[PDB]
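A.B. asks: Provided hereafter are the protein sequence and its experimental coordinates.
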Amino acid sequence: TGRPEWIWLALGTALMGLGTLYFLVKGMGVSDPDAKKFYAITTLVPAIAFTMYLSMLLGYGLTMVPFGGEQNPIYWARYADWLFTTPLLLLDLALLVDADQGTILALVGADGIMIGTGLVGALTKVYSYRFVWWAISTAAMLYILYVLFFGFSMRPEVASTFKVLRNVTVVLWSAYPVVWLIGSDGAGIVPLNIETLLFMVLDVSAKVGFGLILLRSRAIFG
Amino acid sequence: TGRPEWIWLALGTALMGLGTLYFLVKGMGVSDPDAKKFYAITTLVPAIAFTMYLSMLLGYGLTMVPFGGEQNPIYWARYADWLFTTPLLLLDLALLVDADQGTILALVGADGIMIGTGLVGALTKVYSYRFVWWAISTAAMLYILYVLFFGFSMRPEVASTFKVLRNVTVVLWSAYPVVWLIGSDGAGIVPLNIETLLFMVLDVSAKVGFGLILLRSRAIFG
Amino acid sequence: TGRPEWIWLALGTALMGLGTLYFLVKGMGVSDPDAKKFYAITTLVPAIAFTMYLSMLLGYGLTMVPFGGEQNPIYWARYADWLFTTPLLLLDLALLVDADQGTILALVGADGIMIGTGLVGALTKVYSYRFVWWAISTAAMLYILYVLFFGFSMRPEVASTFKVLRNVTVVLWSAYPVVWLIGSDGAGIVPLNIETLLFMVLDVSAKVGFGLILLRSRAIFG
Ligand SMILES: *C/C=C(C)/C=C/C=C(C)/C=C/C1=C(C)CCCC1(C)C
Ligand SMILES: *C/C=C(C)/C=C/C=C(C)/C=C/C1=C(C)CCCC1(C)C
Ligand SMILES: *C/C=C(C)/C=C/C=C(C)/C=C/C1=C(C)CCCC1(C)C
């Protein structure tokens, strides 16, 4: 396309679409209920991502936001995706450790705040206000990572898998507020082409990457 | 109104509104918890449909989408409805057969993809791209119907009711991708007047029709 | 700001932000699972409200709706908030009395209808149609309050707390359809400045006020 970032949105689409097929196919073979749960969640995540990367690729989820001087291109389909897939990932972590209903509530709620404010700054028109919405969104991410460390004696083919996935999450999720800040969505110090490349490498890793590690573990069984 | 399809949107509103009253009234008389569940779900479905048919009737959920040459009228309130009521129907089927949490997750997730992509093609501006979003949406419908047949020894006043409702669903739900394709939302081979007539006959049948069959069955009790 | 209602949206933001901090901090100290549940829900409610009051304050959730003659200012961020926080409050009441899944479904569903139609009239362009959407929205509020009285033998440090919270709810929630009618969103008999003052006093009371009463009760424990 006439857009420099098409290549990464094209590669994003393929990879997400590839992970869903692999996981669905892999998904075929399960009988253990609990294990079913982890396939249902893990497969839907890139399934959703698949639909939003295509929408950006065909250009449906792209808008112009006016701010800091001129008109700015902003992929909003990114947040609609994150809106559903991140709560879906925390749910994988949550049911892995037999979380409490109460803690599952807080995580999900804080998550919706995270993305929700992230979307608000993405579409905000006053340049300065954006980073205030960024701060709050970041403040919720700190809560979530906090909770999965200090508020989150279980069987060991579980614990060890959880510590692994959680390390992945914390490192990946932490990159997103950094990319957004340096990117076109935030400081504008990095062009849209690179900002799109960064998110795609995170998304595939945090989704397909995360799912592969997960759906192989014996942790997901009885 | 100045719109040819008012009559069907007017009849849609009455019928949906009539089913909700009947089901709520009928709903009054229940004590068995589990049965309560099926009244809660079954009544809310046309309740929601009721609100969206009126919005189309008063014209709040109507927009113009430019594509394939000219400006196209598109009722988007239809998808906001389907967004909530179809997961509500699968939930009726799901709890009827004591589905697994895992399978309830997949159905609902695939459903949101179905409608979600359906909405995206409805609002897409490049004529050709629409049917690509149609294909994917259809691909999710095939998953759902699949699952309720091959991934979905239970008491017989249940099994027989389930096979019935499920037959209804498969036949009705299959009509929707056909109507959308021939209709104004898709191929434009059928005018908006007829496309509105078709969806109304499906909606009332899949909702009120489906609910009547359901809320009479002894299957919904202990 | 250049807006007369800034002061109340500024005071709304502070107070909601203050309640969340207090509840989170207070939240630190819990071990009993069930009690955790009530902190998770109760704290997220003003957390969300916090984000939407700021959005109105910075002016992100403000739009112009044309009707009854001229252009009308309409804070839509108010409904996105109510969209999530009112179901969150009913859930506090619901789990307080060990509600049935079925009844929890009806309450939440009716609630989404309430706000959902409320939003539709807020954005409707034909003056008269607004109050029709107001009527239906009100009709759902009557269902909810009904249900929490006649469809909602439990331990007494519970029952007495429930009767209390419920009295709060009914009196507060009943004020909202009145404010909306006399306000700029409805009849226009009260200016936006006063209508914004009224909602802020209700919101803080129904949220922070409601939460304080709740998170002190021994009802929330085992
Ligand atoms: C499947 C995609 C994933 C796991 C995405 C994670 C995204 C985030 C952790 C988002 C973080 C953001 C902030 C905390 C600040 C505002 C900007 C965001 C939304 C990128
Ligand atoms: C209460 C209304 C019901 C049960 C509606 C069902 C609608 C569908 C099965 C929708 C199907 C569609 C596709 C599979 C392709 C894209 C167009 C849609 C959304 C009409
Ligand atoms: C946290 C905020 C609360 C508890 C708000 C409650 C709001 C309502 C009970 C809303 C009621 C309305 C109607 C019943 C008629 C239409 C206008 C509304 C949305 C204000």
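C.D. replies: Cool, the structure landed. Numbers count the residues shown, from 1 in each chain, chains lettered A, B, ... in the order given. Ligands and ions are numbered 1, 2, ... in the order given.
A.B. asks: which other helices and strands contact the helix or strand containing residue A:105?
C.D. replies: Per DSSP states H and E, residue A:105 falls inside helix A:101-123. In this structure, helix A:101-123 makes packing contacts with strand A:62-67, helix A:77-96, helix A:127-150, helix C:33-58, judged by 3 or more CB pairs under 8 Å, 6 or more residues apart in numbering or on different chains; DSSP states H and E. Where C-beta positions appear, they are placed from N, C-alpha and C, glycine not excepted.
A.B. asks: List the buried residues of that helix.
C.D. replies: Using 16 or more other CB atoms under 10 Å in any protein chain shown as the test for burial, helix A:101-123 gives A:102-123.
A.B. asks: Also near ligand 1: which of those residues, exactly?
C.D. replies: Among those, the ones lying near ligand 1 by CB under 6 Å from any ligand atom are A:114-115, A:118.
A.B. asks: now the closest residue to ligand 2 within chain A: how far from residue A:97?
C.D. replies: For chain A, the residue closest to ligand 2 is residue A:51, as judged by CB to the nearest ligand atom, at 12.6 Å. Using CB to CB, to the nearest Å, residue A:51 is found at 29 Å from residue A:97.
A.B. asks: The two: who's more crowded?
C.D. replies: Neighbours per residue (other CB atoms under 10 Å in any protein chain shown) separate residue A:51 from residue A:97, with residue A:51 holding more: 26 against 17.
A.B. asks: residues in contact with the nearest residue to the more buried one once chain neighbours are set aside?
C.D. replies: Residue nearest to residue A:51 in three dimensions, not counting chain neighbours: residue B:117, with 5.8 Å by CB to CB, 6 or more residues apart in numbering or on different chains. Applying CB atoms under 8 Å, 6 or more residues apart in numbering or on different chains to residue B:117 gives the contacts A:51, B:133-134, B:136-137, B:140.
A.B. asks: Just among these, which is most surrounded?
C.D. replies: residue A:51 (26 neighbours).
A.B. asks: Would you agree that residue is in contact with residue B:114?
C.D. replies: No - using CB atoms under 8 Å, residue A:51 is not in contact with residue B:114; the gap is 10.5 Å.
A.B. asks: Around residue A:50, how many other residues sit close by?
C.D. replies: By other CB under 10 Å, neighbour count at residue A:50 equals 24.
A.B. asks: Look up how far residue B:174 lies from it.
C.D. replies: 24 Å.
A.B. asks: circling back: which one of the helices and strands packed on helix A:101-123 has the most crowded surroundings?
C.D. replies: Across the helices and strands packed on helix A:101-123, the average number of neighbours (mean count of other CB atoms under 10 Å in any protein chain shown) peaks for helix C:33-58, which reaches a mean of 24.
A.B. asks: Run the angle between it and helix A:127-150 for me.
C.D. replies: On the basis of axes from the mean of the first three to the mean of the last three CA atoms, to 10 degrees, helix C:33-58 is oriented at 170 degrees to helix A:127-150.
A.B. asks: so which pair among the contacts of residue B:117 is furthest apart in space?
C.D. replies: By the measure CB to CB, A:51 and B:134 form the most distant pair in the contacts of residue B:117, at 12.9 Å.
A.B. asks: which residues touch residue A:206?
C.D. replies: By CB under 8 Å, 6+ apart, the neighbours of residue A:206 are A:89, A:168-169, A:172-173.
A.B. asks: What about the residues you listed, which are in helices?
C.D. replies: Among those, the ones falling in helices (DSSP state H) are A:89, A:168-169, A:172-173.
A.B. asks: ok, which residues in chain A are in contact with chain C?
C.D. replies: Chain A comes close to chain C at residues A:100-103, A:105-106, A:109-110, A:112-113, A:116-117, A:120, A:123-124, A:126, A:129, A:132, A:136, as judged by CB under 8 Å from any CB of the partner chain.
A.B. asks: got the contact list for residue A:162?
C.D. replies: A:93, A:96-97, A:154, A:219.
A.B. asks: I'd like to know how many residues surround residue A:75.
C.D. replies: Neighbours of residue A:75 using other CB under 10 Å come to 24.
A.B. asks: What of residue A:71?
C.D. replies: Using other CB under 10 Å, residue A:71 has 10 other residues around it.
A.B. asks: residues contacting the nearest residue to it once chain neighbours are set aside?
C.D. replies: Closest residue in space to residue A:71, ignoring its immediate chain neighbours: residue A:64 at 4.8 Å, by CB to CB, 6+ apart. By CB under 8 Å, 6+ apart, the residues touching residue A:64 are A:71-74.
A.B. asks: Could you do residue A:51 as well?
C.D. replies: Residue A:51 is in contact with A:81, B:113, B:116-117, B:120, B:136, counting by CB under 8 Å, 6+ apart.
A.B. asks: how far away is the closest residue in space to residue A:86 that isn't next to it in sequence from residue A:90?
C.D. replies: Leaving aside its sequence neighbours, residue A:86 sits nearest to residue A:111 (CB to CB, 6+ apart; 5.4 Å). Distance check for residue A:111 against residue A:90: by CB to CB, it reads 6 Å.
A.B. asks: Residue A:219 too?
C.D. replies: Per CB to CB, residue A:219 is found 16 Å from residue A:90.
A.B. asks: what's the answer for residue A:161, then?
C.D. replies: Distance from residue A:161 to residue A:90, by CB to CB: 15 Å.
A.B. asks: could you check whether the helix or strand that contains residue A:17 is close to chain B?
C.D. replies: Assigned by DSSP H and E, residue A:17 belongs to helix A:6-27. No - counting by CB under 8 Å from any CB, chain B has no neighbours in helix A:6-27; the shortest distance is 8.6 Å.
A.B. asks: buried ones in that helix?
C.D. replies: By 16+ other CB under 10 Å, the buried positions in helix A:6-27 come out as A:6, A:8-13, A:15-17, A:19-20, A:22-23, A:26-27.
A.B. asks: thinking again about what came up before, of the contacts of residue A:162, just say which sits nearest to chain C.
C.D. replies: Of all the contacts of residue A:162, chain C sits closest to residue A:97, with 14.0 Å by CB to the nearest CB.
A.B. asks: check contacts around the closest one.
C.D. replies: A:152, A:154, A:158, A:162.
A.B. asks: ok, back up a step: could you dump the helices and strands packed on helix A:101-123 into JSON lines with distance to residue C:194 added?
C.D. replies: Shown next, in JSON lines, are those (distance: least, CB to CB, whole Å):
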{"stretch": "strand A:62-67", "distance to residue C:194": "32"}
{"stretch": "helix A:77-96", "distance to residue C:194": "35"}
{"stretch": "helix A:127-150", "distance to residue C:194": "27"}
{"stretch": "helix C:33-58", "distance to residue C:194": "15"}
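A.B. asks: With distance to ligand 3 added, can I get those in JSON lines?
C.D. replies: Output for the helices and strands packed on helix A:101-123, formatted as JSON lines (distance: least, CB to the nearest ligand atom, whole Å):
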{"stretch": "strand A:62-67", "distance to ligand 3": "28"}
{"stretch": "helix A:77-96", "distance to ligand 3": "22"}
{"stretch": "helix A:127-150", "distance to ligand 3": "19"}
{"stretch": "helix C:33-58", "distance to ligand 3": "6"}
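A.B. asks: Residue A:205: which of those is closest?
C.D. replies: Nearest of the helices and strands packed on helix A:101-123 to residue A:205, taken as CB to CB: helix A:77-96 at 11.8 Å.
A.B. asks: Remind me what the closest one packs against, helices and strands.
C.D. replies: Helices and strands touching helix A:77-96, as assessed by 3+ CB pairs under 8 Å, 6+ apart, comprise helix A:33-58, helix A:101-123, helix A:127-150, helix A:156-182, helix A:210-214.
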